[PDB]
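For reference, structure_5.pdb (PDB, C-alpha atoms):
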ATOM      1  CA  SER A  20      16.154  12.410-227.242
ATOM      2  CA  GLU A  21      17.252   8.850-226.633
ATOM      3  CA  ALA A  22      20.906   8.286-227.268
ATOM      4  CA  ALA A  23      23.750   6.724-225.351
ATOM      5  CA  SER A  24      26.044   9.410-226.536
ATOM      6  CA  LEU A  25      24.166  12.696-226.689
ATOM      7  CA  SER A  26      25.588  14.179-229.783
ATOM      8  CA  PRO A  27      24.019  17.532-230.731
ATOM      9  CA  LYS A  28      26.034  18.484-233.752
ATOM     10  CA  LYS A  29      25.346  21.405-235.963
ATOM     11  CA  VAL A  30      27.315  21.827-239.145
ATOM     12  CA  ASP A  31      27.630  25.304-240.635
ATOM     13  CA  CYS A  32      24.302  25.890-242.137
ATOM     14  CA  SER A  33      24.640  29.593-241.431
ATOM     15  CA  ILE A  34      26.491  30.411-244.659
ATOM     16  CA  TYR A  35      23.722  28.697-246.615
ATOM     17  CA  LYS A  36      21.079  30.194-244.366
ATOM     18  CA  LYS A  37      22.240  33.442-245.932
ATOM     19  CA  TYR A  38      20.518  32.223-249.109
ATOM     20  CA  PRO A  39      16.780  31.554-249.643
ATOM     21  CA  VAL A  40      15.921  27.992-248.574
ATOM     22  CA  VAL A  41      14.690  27.049-252.059
ATOM     23  CA  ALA A  42      17.835  28.306-253.793
ATOM     24  CA  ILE A  43      21.014  27.389-252.043
ATOM     25  CA  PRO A  44      24.170  27.005-254.163
ATOM     26  CA  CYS A  45      26.131  23.908-253.316
ATOM     27  CA  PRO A  46      29.795  23.014-253.886
ATOM     28  CA  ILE A  47      30.707  20.381-256.486
ATOM     29  CA  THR A  48      32.272  18.358-253.733
ATOM     30  CA  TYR A  49      30.483  15.275-252.465
ATOM     31  CA  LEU A  50      30.925  14.729-248.795
ATOM     32  CA  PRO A  51      28.490  12.262-247.297
ATOM     33  CA  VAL A  52      26.941  13.619-244.178
ATOM     34  CA  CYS A  53      24.383  12.122-241.919
ATOM     35  CA  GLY A  54      21.530  13.972-240.398
ATOM     36  CA  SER A  55      19.854  13.310-237.045
ATOM     37  CA  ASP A  56      16.870  12.143-239.073
ATOM     38  CA  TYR A  57      19.152   9.245-240.179
ATOM     39  CA  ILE A  58      19.215  10.499-243.710
ATOM     40  CA  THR A  59      22.492  10.608-245.613
ATOM     41  CA  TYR A  60      23.033  13.766-247.643
ATOM     42  CA  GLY A  61      25.380  14.524-250.532
ATOM     43  CA  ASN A  62      27.101  17.304-248.594
ATOM     44  CA  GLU A  63      26.621  19.890-245.887
ATOM     45  CA  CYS A  64      24.995  22.301-248.323
ATOM     46  CA  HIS A  65      22.302  19.755-249.172
ATOM     47  CA  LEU A  66      21.926  18.897-245.507
ATOM     48  CA  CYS A  67      21.546  22.577-244.698
ATOM     49  CA  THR A  68      18.850  23.060-247.374
ATOM     50  CA  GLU A  69      16.720  20.322-245.775
ATOM     51  CA  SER A  70      17.758  21.381-242.266
ATOM     52  CA  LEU A  71      16.334  24.859-242.859
ATOM     53  CA  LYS A  72      13.375  23.536-244.834
ATOM     54  CA  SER A  73      12.249  21.131-242.143
ATOM     55  CA  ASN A  74      13.497  23.595-239.464
ATOM     56  CA  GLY A  75      15.984  21.584-237.438
ATOM     57  CA  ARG A  76      14.160  18.245-237.968
ATOM     58  CA  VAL A  77      17.245  17.059-239.619
ATOM     59  CA  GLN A  78      20.266  18.424-237.885
ATOM     60  CA  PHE A  79      23.835  17.206-238.250
ATOM     61  CA  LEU A  80      24.387  13.858-236.546
ATOM     62  CA  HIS A  81      27.715  12.671-237.811
ATOM     63  CA  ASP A  82      29.835  12.863-240.867
ATOM     64  CA  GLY A  83      29.801  10.098-243.370
ATOM     65  CA  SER A  84      26.969   7.920-244.533
ATOM     66  CA  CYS A  85      24.476   7.022-241.754
TER      67      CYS A  85
END
Before anything else, please render the file you have as structure tokens.
Amino acid sequence: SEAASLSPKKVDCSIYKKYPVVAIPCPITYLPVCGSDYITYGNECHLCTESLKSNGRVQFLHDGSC
């Protein structure tokens, strides 16, 4: 992984990992998060759904829009 600042962040996907990957209930709160795949997600729940789906392809990079 090429980065100046090696930032391996992992948001709590565990609580959502408790649900089936296709059906993960998300909060009504919108909190822009950015995945390591450089994709901005609506919140950590949505990030987690894709994170599990693509199996760590998209991990948590930083909070906020990419």
Exercise on region 42-53 of chain A, axis-aligned box with 3 Å per side, report centre and edge lengths in Å to one decimal, as JSON:
{"center_x": 25.1, "center_y": 20.2, "center_z": -249.2, "size_x": 20.4, "size_y": 22.2, "size_z": 20.6}
Exercise. Check what the PyMOL selection byres ((chain A and resi 36) around 12) selects in the file above and give those residues as JSON, numbers by chain.
Key: {"A": [30, 31, 32, 33, 34, 35, 37, 38, 39, 40, 41, 42, 43, 44, 63, 64, 65, 66, 67, 68, 69, 70, 71, 72, 74]}
Produce a file of the selected residues containing C-alpha atoms, as a PDB file, keeping the file's coordinate frame.
ATOM      1  CA  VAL A  30      27.315  21.827-239.145  1.00  0.00           C
ATOM      2  CA  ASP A  31      27.630  25.304-240.635  1.00  0.00           C
ATOM      3  CA  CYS A  32      24.302  25.890-242.137  1.00  0.00           C
ATOM      4  CA  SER A  33      24.640  29.593-241.431  1.00  0.00           C
ATOM      5  CA  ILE A  34      26.491  30.411-244.659  1.00  0.00           C
ATOM      6  CA  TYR A  35      23.722  28.697-246.615  1.00  0.00           C
ATOM      7  CA  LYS A  37      22.240  33.442-245.932  1.00  0.00           C
ATOM      8  CA  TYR A  38      20.518  32.223-249.109  1.00  0.00           C
ATOM      9  CA  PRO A  39      16.780  31.554-249.643  1.00  0.00           C
ATOM     10  CA  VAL A  40      15.921  27.992-248.574  1.00  0.00           C
ATOM     11  CA  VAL A  41      14.690  27.049-252.059  1.00  0.00           C
ATOM     12  CA  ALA A  42      17.835  28.306-253.793  1.00  0.00           C
ATOM     13  CA  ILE A  43      21.014  27.389-252.043  1.00  0.00           C
ATOM     14  CA  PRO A  44      24.170  27.005-254.163  1.00  0.00           C
ATOM     15  CA  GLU A  63      26.621  19.890-245.887  1.00  0.00           C
ATOM     16  CA  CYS A  64      24.995  22.301-248.323  1.00  0.00           C
ATOM     17  CA  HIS A  65      22.302  19.755-249.172  1.00  0.00           C
ATOM     18  CA  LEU A  66      21.926  18.897-245.507  1.00  0.00           C
ATOM     19  CA  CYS A  67      21.546  22.577-244.698  1.00  0.00           C
ATOM     20  CA  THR A  68      18.850  23.060-247.374  1.00  0.00           C
ATOM     21  CA  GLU A  69      16.720  20.322-245.775  1.00  0.00           C
ATOM     22  CA  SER A  70      17.758  21.381-242.266  1.00  0.00           C
ATOM     23  CA  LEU A  71      16.334  24.859-242.859  1.00  0.00           C
ATOM     24  CA  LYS A  72      13.375  23.536-244.834  1.00  0.00           C
ATOM     25  CA  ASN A  74      13.497  23.595-239.464  1.00  0.00           C
TER      26      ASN A  74
END
Quiz item: Which one is closest to residue 73 (chain A): A:26, A:21, A:56, A:85? Count only C-alpha atoms.
Solution: A:56
Quiz item: On this structure, which residues satisfy the PyMOL selection byres ((chain A and resi 48-51) around 9), written as an MDAnalysis selection string?
Solution: chainID A and resid 45:47 52:53 59:63 82:85
Kindly resolve the PyMOL selection byres ((chain A and resi 55) around 6) on the present coordinates and return the residues as a PDB file with C-alpha atoms, keeping the file's coordinate frame.
ATOM      1  CA  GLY A  54      21.530  13.972-240.398  1.00  0.00           C
ATOM      2  CA  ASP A  56      16.870  12.143-239.073  1.00  0.00           C
ATOM      3  CA  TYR A  57      19.152   9.245-240.179  1.00  0.00           C
ATOM      4  CA  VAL A  77      17.245  17.059-239.619  1.00  0.00           C
ATOM      5  CA  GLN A  78      20.266  18.424-237.885  1.00  0.00           C
ATOM      6  CA  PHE A  79      23.835  17.206-238.250  1.00  0.00           C
ATOM      7  CA  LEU A  80      24.387  13.858-236.546  1.00  0.00           C
TER       8      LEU A  80
END
Saved region 65-83 of chain A from the preceding structure, N, CA, C and O atoms, as an mmCIF file, in the first residue's frame:
data_model
loop_
_atom_site.group_PDB
_atom_site.id
_atom_site.type_symbol
_atom_site.label_atom_id
_atom_site.label_comp_id
_atom_site.auth_asym_id
_atom_site.auth_seq_id
_atom_site.Cartn_x
_atom_site.Cartn_y
_atom_site.Cartn_z
ATOM 1 N N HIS A 65 -23.532 2.050 5.798
ATOM 2 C CA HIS A 65 -23.459 1.818 4.361
ATOM 3 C C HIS A 65 -22.067 1.410 3.946
ATOM 4 O O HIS A 65 -21.904 0.551 3.075
ATOM 5 N N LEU A 66 -21.068 2.002 4.589
ATOM 6 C CA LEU A 66 -19.680 1.635 4.357
ATOM 7 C C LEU A 66 -19.472 0.175 4.724
ATOM 8 O O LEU A 66 -18.923 -0.585 3.949
ATOM 9 N N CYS A 67 -19.969 -0.203 5.885
ATOM 10 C CA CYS A 67 -19.846 -1.554 6.392
ATOM 11 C C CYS A 67 -20.495 -2.580 5.454
ATOM 12 O O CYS A 67 -19.904 -3.626 5.190
ATOM 13 N N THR A 68 -21.676 -2.253 4.908
ATOM 14 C CA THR A 68 -22.362 -3.156 3.990
ATOM 15 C C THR A 68 -21.451 -3.492 2.783
ATOM 16 O O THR A 68 -21.247 -4.664 2.449
ATOM 17 N N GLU A 69 -20.865 -2.465 2.187
ATOM 18 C CA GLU A 69 -19.956 -2.644 1.069
ATOM 19 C C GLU A 69 -18.624 -3.254 1.512
ATOM 20 O O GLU A 69 -18.025 -4.046 0.778
ATOM 21 N N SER A 70 -18.182 -2.903 2.710
ATOM 22 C CA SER A 70 -16.930 -3.391 3.259
ATOM 23 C C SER A 70 -16.990 -4.914 3.415
ATOM 24 O O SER A 70 -16.041 -5.621 3.061
ATOM 25 N N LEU A 71 -18.116 -5.412 3.900
ATOM 26 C CA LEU A 71 -18.319 -6.843 4.057
ATOM 27 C C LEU A 71 -18.545 -7.500 2.707
ATOM 28 O O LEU A 71 -18.012 -8.574 2.431
ATOM 29 N N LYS A 72 -19.307 -6.831 1.862
ATOM 30 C CA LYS A 72 -19.667 -7.340 0.543
ATOM 31 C C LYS A 72 -18.432 -7.539 -0.336
ATOM 32 O O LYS A 72 -18.267 -8.576 -0.961
ATOM 33 N N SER A 73 -17.564 -6.568 -0.354
ATOM 34 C CA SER A 73 -16.367 -6.640 -1.163
ATOM 35 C C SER A 73 -15.180 -7.196 -0.351
ATOM 36 O O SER A 73 -14.043 -7.230 -0.829
ATOM 37 N N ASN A 74 -15.481 -7.620 0.874
ATOM 38 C CA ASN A 74 -14.525 -8.198 1.835
ATOM 39 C C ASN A 74 -13.239 -7.402 2.016
ATOM 40 O O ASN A 74 -12.176 -7.775 1.513
ATOM 41 N N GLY A 75 -13.364 -6.272 2.671
ATOM 42 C CA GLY A 75 -12.216 -5.448 3.037
ATOM 43 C C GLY A 75 -11.591 -4.656 1.893
ATOM 44 O O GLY A 75 -10.585 -3.970 2.107
ATOM 45 N N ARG A 76 -12.167 -4.752 0.676
ATOM 46 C CA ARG A 76 -11.721 -3.934 -0.459
ATOM 47 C C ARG A 76 -11.820 -2.479 -0.064
ATOM 48 O O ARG A 76 -10.880 -1.697 -0.206
ATOM 49 N N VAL A 77 -12.963 -2.136 0.435
ATOM 50 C CA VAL A 77 -13.209 -0.836 0.898
ATOM 51 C C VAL A 77 -13.242 -0.854 2.424
ATOM 52 O O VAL A 77 -14.154 -1.388 3.047
ATOM 53 N N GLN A 78 -12.200 -0.373 3.009
ATOM 54 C CA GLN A 78 -12.108 -0.294 4.432
ATOM 55 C C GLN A 78 -12.284 1.177 4.781
ATOM 56 O O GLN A 78 -12.488 1.983 3.882
ATOM 57 N N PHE A 79 -12.214 1.532 6.033
ATOM 58 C CA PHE A 79 -12.384 2.916 6.426
ATOM 59 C C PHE A 79 -11.059 3.664 6.218
ATOM 60 O O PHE A 79 -10.005 3.196 6.631
ATOM 61 N N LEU A 80 -11.106 4.774 5.529
ATOM 62 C CA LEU A 80 -9.900 5.542 5.264
ATOM 63 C C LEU A 80 -9.866 6.747 6.175
ATOM 64 O O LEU A 80 -8.926 6.946 6.945
ATOM 65 N N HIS A 81 -10.900 7.547 6.084
ATOM 66 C CA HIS A 81 -11.033 8.727 6.894
ATOM 67 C C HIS A 81 -12.470 9.119 6.929
ATOM 68 O O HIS A 81 -13.254 8.687 6.078
ATOM 69 N N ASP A 82 -12.820 9.914 7.879
ATOM 70 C CA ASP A 82 -14.170 10.401 8.000
ATOM 71 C C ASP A 82 -14.344 11.566 7.057
ATOM 72 O O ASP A 82 -13.350 12.178 6.616
ATOM 73 N N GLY A 83 -15.557 11.836 6.705
ATOM 74 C CA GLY A 83 -15.847 12.914 5.812
ATOM 75 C C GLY A 83 -15.776 12.459 4.383
ATOM 76 O O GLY A 83 -15.320 11.341 4.103
#
